[PDB]
**Q** 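Structure incoming, see below.
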Amino acid sequence: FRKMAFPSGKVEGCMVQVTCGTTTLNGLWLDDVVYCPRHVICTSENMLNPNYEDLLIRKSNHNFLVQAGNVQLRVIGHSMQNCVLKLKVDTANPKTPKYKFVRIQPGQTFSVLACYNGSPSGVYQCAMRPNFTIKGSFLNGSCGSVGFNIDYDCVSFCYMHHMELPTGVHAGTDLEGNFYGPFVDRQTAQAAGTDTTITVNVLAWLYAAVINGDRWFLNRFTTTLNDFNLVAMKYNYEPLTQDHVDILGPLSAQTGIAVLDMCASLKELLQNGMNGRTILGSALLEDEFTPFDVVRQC
Amino acid sequence: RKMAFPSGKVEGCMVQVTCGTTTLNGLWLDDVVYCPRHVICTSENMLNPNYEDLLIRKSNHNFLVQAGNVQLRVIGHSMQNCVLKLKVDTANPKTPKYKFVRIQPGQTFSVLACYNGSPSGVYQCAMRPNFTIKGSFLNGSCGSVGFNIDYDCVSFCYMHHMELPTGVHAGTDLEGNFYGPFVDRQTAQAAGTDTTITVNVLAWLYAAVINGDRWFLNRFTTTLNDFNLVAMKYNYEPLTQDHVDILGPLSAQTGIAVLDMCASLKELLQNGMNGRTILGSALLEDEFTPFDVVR
Ligand SMILES: CC(C)(C)[C@H](NC(=O)C(F)(F)F)C(=O)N1C[C@H]2[C@@H]([C@H]1C(=O)N[C@H](C=N)C[C@@H]1CCNC1=O)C2(C)C
Ligand SMILES: CC(C)(C)[C@H](NC(=O)C(F)(F)F)C(=O)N1C[C@H]2[C@@H]([C@H]1C(=O)N[C@H](C=N)C[C@@H]1CCNC1=O)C2(C)C
């Protein structure tokens with residue numbers, strides 16, 4: 001059971017390089033618009049507390065250099081939507097996929113296409129943490145890289161990368177420029193809140209363990225949502241809702257293990273540990289697989 | 001994070017190959033489709049297939065090749081070790097710059113898992129020392145390929161053929177020669193005992209020092225032989241002088257001598273992590289190569 005990213009070719013064909021003055025990052029080129037983080041119009045001097053409304057009025061089309069591989073794109077218009085810059089360009093991308101912009105919830109997963117200088121570098125699978133950060137791998141120049149899901153040739157863009165927090169986790173917006181989490185696009189002191197484990201994803205991962213070989217952690221017992229939720233808080237675990245139980249229903253129906261019975265397994269694992277046994281070859285409990293992820297893979 | 005390569009250059013080469021009732025994936029490069037030769041097997045042939053006798057009875061029109069909605073015309077065919085090479089009517093217009101390479105255990109690569117010719121997911125892999133892949137491959141995944149990409153040239157190194165009973169996977173290079181002692185035949189065969197890729201753990205430890213963690217270092221050193229005598233008690237691969245030379249650059253960039261990093265690994269194996277993590281893991285990661293670390 002591997003963590004898998006979506007195939008990235010539909011997105012690779014949209015990545016471009018955006019340069020404003022001395023600042024270069026990545027942009028997303030869909031039809032005749034290029035989307036990128038608005039802090040590209042910041043001068044490094046003004047990363048501390050910029051006024052984006054003012055800095056953009058003073059910009060003109062000629063302040064933006066957009067490069068698609070070998071080819072320079074001519075910017076013919078610019079505007080802002082929340083924290084993303086929208087650069088209208090000369091040419092529609094002939095590789096534009098069927099796509100939509102969506103906003104995801106903490107605990108959902110997506111693929112990230114990490115890019116540098118407009119050129120795709122690698123792909124990995126991520127989860128939006130309960131504290132609204134991403135445990136990604138982003139280096140200098142990675143801003144504007146996007147995250148996405150694919151459903152039957154339709155790309156759902158859900159994330160654009162903006163910044164790294166002092167604990168090495170990452171923060172970004174949806175493609176309409178709304179931040180995930182209580183962060184702002186400026187170099188001021190900010191930090192991730194204390195993170196928590198995504199309970200519904202651990203359970204889904206335990207179902208995947210049962211779907212494969214592993215069954216030793218099953219027991220005769222069952223809990224209640226209220227009794228399990230007291231256990232969850234003690235171990236820094238997101239509380240489990242009736243909504244989570246309902247979505248795990250398919251896996252509970254397929255494997256014959258009710259969710260509150262799996263919770264009994266999980267509560268038991270959280271207290272007594274694994275006693276030298278493993279689950280899908282892992283010694284810790286994995287929480288970056290959603291229920292849909294497990295159904296899809298299996 | 002362990003990252004796969006962007007998969008688009010390979011997605012444009014995946015096709016569907018059908019022969020009778022068997023369908024799997026093929027790789028379409030220029031005017032040749034490559035795929036596993038057991039596409040020409042039926043039910044009653046998996047146990048003891050005679051591939052020469054099965055192939056002699058086929059003609060070009062027995063092979064149905066589909067690239068998306070378009071049927072390709074097969075105009076020739078031949079067998080090279082355990083891969084079939086289907087000469088087609090049309091050169092793939094999306095053929096990337098590519099080459100074929102055979103890799104060694106410990107090497108990493110990306111896998112594009114496909115079903116019925118359409119890409120489903122991409123993940124990053126290592127060739128294990130027992131010549132198997134710890135992959136994620138379902139019923140129709142055969143013919144999925146593994147690859148690296150360097151300066152826009154795609155190095156194809158793996159094509160998927162079989163699942164072993166332990167859940168791991170075996171396959172061939174793109175010339176059809178199996179990695180390890182496996183055969184494309186449904187008989188009792190089993191992966192040998194697997195071991196940890198020691199040179200990859202050490203390279204990763206060097207990556208931890210470079211990103212500013214040093215908690216696992218100690219003041220000891222070790223001889224190469226003493227290191228290997230301890231490490232093999234944990235099912236770690238022996239470290240060779242070639243591996244030592246290979247880590248040299250990282251040892252220079254960090255100032256930590258290779259054998260001093262070996263002493264730290266012996267201690268990590270002795271103690272565990274005591275609830276800590278090194279890069280982002282509570283496990284010793286062995287699927288990032290020395291070459292990977294510098295990049
Ligand atoms: C880490 C740093 C101290 C530099 C800063 N962090 C914080 O200001 C915080 F602590 F508030 F998060 C930060 O990321 N930025 C400062 C400045 C932009 C952003 C930035 O340079 N983004 C990079 C875009 N290519 C990607 C970064 C590069 C390192 N790894 C990444 O992912 C803006 C928030 C406007
Ligand atoms: C797992 C099974 C017991 C069926 C068998 N294994 C062994 O015979 C062994 F144990 F000896 F390896 C096995 O894999 N095959 C039997 C037959 C082909 C191959 C096969 O069906 N390949 C699939 C290609 N689409 C991919 C497989 C599907 C399951 N998961 C995969 O990855 C050949 C070896 C000629």
Side-chain angles (χ1 to χ4, degrees), chain A residues 17-18 23-27 36-44 46 49-50 52 55 83 112 114-117 133-134 136-139 141-145 160-173 179 181-186 189-192, chain B residues 16-17 22-26 35-43 45 47-49 51 54 82 111 113-115 132-133 135-137 140-144 159-172 178 180-191:
Chain A
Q17 183 178 236
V18 180
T23 301
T24 296
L25 41 63
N26 305 283
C36 78
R38 75 177 173 179
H39 69 69
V40 74
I41 71 175
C42 283
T43 173
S44 167
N46 226 19
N49 179 64
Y52 289 105
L55 298 180
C83 299
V112 166
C115 291
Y116 297 88
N117 302 298
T133 64
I134 310 301
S137 281
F138 293 111
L139 293 192
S142 65
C143 283
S145 299
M160 171 169 288
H161 179 57
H162 291 239
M163 51 190 275
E164 180 177 296
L165 295 167
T167 51
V169 307
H170 304 104
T173 66
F179 254 95
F183 311 113
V184 291
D185 53 348
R186 76 177 41 98
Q190 332 185 42
Chain B
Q16 184 174 212
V17 186
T22 310
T23 285
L24 39 70
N25 307 289
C35 72
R37 67 179 176 173
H38 67 75
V39 71
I40 70 179
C41 291
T42 65
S43 47
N45 307 306
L47 286 187
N48 288 286
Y51 284 107
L54 293 168
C82 303
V111 175
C114 300
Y115 295 93
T132 70
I133 291 328
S136 183
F137 288 130
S141 54
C142 279
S144 298
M159 174 172 279
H160 181 52
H161 287 245
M162 305 158 10
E163 198 176 288
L164 298 162
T166 37
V168 299
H169 306 98
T172 66
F178 262 91
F182 310 111
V183 296
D184 50 351
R185 175 182 167 216
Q186 179 155 353
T187 41
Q189 52 197 319

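FYI, side chains are in, hydrogens and waters are out, and symmetry mates aren't considered; it's all heavy atoms of this structure. Indexing begins at 1, ligand by ligand and atom by atom, following the structure's order. Chain identifiers are assigned alphabetically (A, B, ...) following the order of the sequence lines, protein sequences preceding nucleic acid strands; residue numbering begins at 1 within each chain.
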**Q** With a 4.0 Å cut-off on heavy atoms, is B:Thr187 in contact with ligand 2?
**A** yes

**Q** Taking the side chain as C-beta and beyond, is there a heavy-atom pair between B:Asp184 and B:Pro36 under 4.5 Å?
**A** no

**Q** Heavy atoms only: which of A:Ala114, A:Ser44, A:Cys143 lies closest to atom 22 (N) of ligand 1?
**A** A:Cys143

**Q** Short N/O distance, under 3.5 Å, between A:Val184 and ligand 1?
**A** no

**Q** Can you name the atoms of ligand 1, numbered from 1 with element, that are less than 4.0 Å from a heavy atom of A:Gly141?
**A** 25 (N)

**Q** Does any N or O of ligand 1 fall below 3.5 Å from an N or O anywhere on A:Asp185, backbone included?
**A** no

**Q** For atom 35 (C) of ligand 1, which of the options A:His39, A:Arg38, A:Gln190, A:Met163 provides the nearest non-hydrogen atom?
**A** A:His39

**Q** Could you tell me, atom by atom, which parts of ligand 1 come under 4.0 Å of a heavy atom of A:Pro166?
**A** 10 (F)

**Q** Is the closest heavy-atom distance from A:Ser142 to ligand 1 below 4.0 Å?
**A** yes

**Q** Less than 4.5 Å apart, side chain to side chain, heavy atoms only: is that true for A:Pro50 and A:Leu55?
**A** yes

**Q** Taking a cutoff of less than 4.0 Å between a non-hydrogen atom of the residue and any ligand atom, is A:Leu165 in contact with ligand 1?
**A** yes

**Q** Of all the atoms in ligand 1, which lie at a distance below 4.0 Å from a heavy atom belonging to A:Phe138?
**A** 30 (N), 32 (O)

**Q** Give the atom numbers and elements of ligand 1 that come within less than 4.0 Å of a heavy atom of A:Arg186.
**A** 8 (O), 34 (C)

**Q** Taking only residues two or more places apart in sequence, or in another chain, which ones meet A:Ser145 in a side chain to side chain donor-acceptor pair (under 3.5 Å)?
**A** none

**Q** Apply the ring pair (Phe, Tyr, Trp, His ring centres under 6.0 Å) test between A:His161 and each candidate in A:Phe138, A:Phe179, A:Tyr116; give the one that qualifies.
**A** A:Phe138

**Q** Would you call A:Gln190 and A:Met163 a side-chain contact if the rule is heavy atoms closer than 4.5 Å?
**A** yes

**Q** Hey, could you give me the NE2/SG distance between A:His162 and A:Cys36, rounded to the nearest 0.5 Å?
**A** 8.5 Å

**Q** Using distance alone, determine whether A:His162 and ligand 1 share an N or O pair under 3.5 Å.
**A** yes

**Q** Run the numbers for me: atoms of ligand 1, each under 4.0 Å from some heavy atom of A:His161, listed by number.
**A** 26 (C), 31 (C), 32 (O)

**Q** Between B:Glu163 and ligand 2, which part of the residue brings a heavy atom under 4.0 Å of the ligand: side chain, backbone, both or neither?
**A** both

**Q** Would you mind listing which atoms of ligand 2 come within a distance below 4.0 Å of any non-hydrogen atom of B:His169?
**A** 32 (O)

**Q** Are B:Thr22 and B:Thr42 side-chain neighbours, meaning at least one heavy-atom pair lies under 4.5 Å?
**A** no

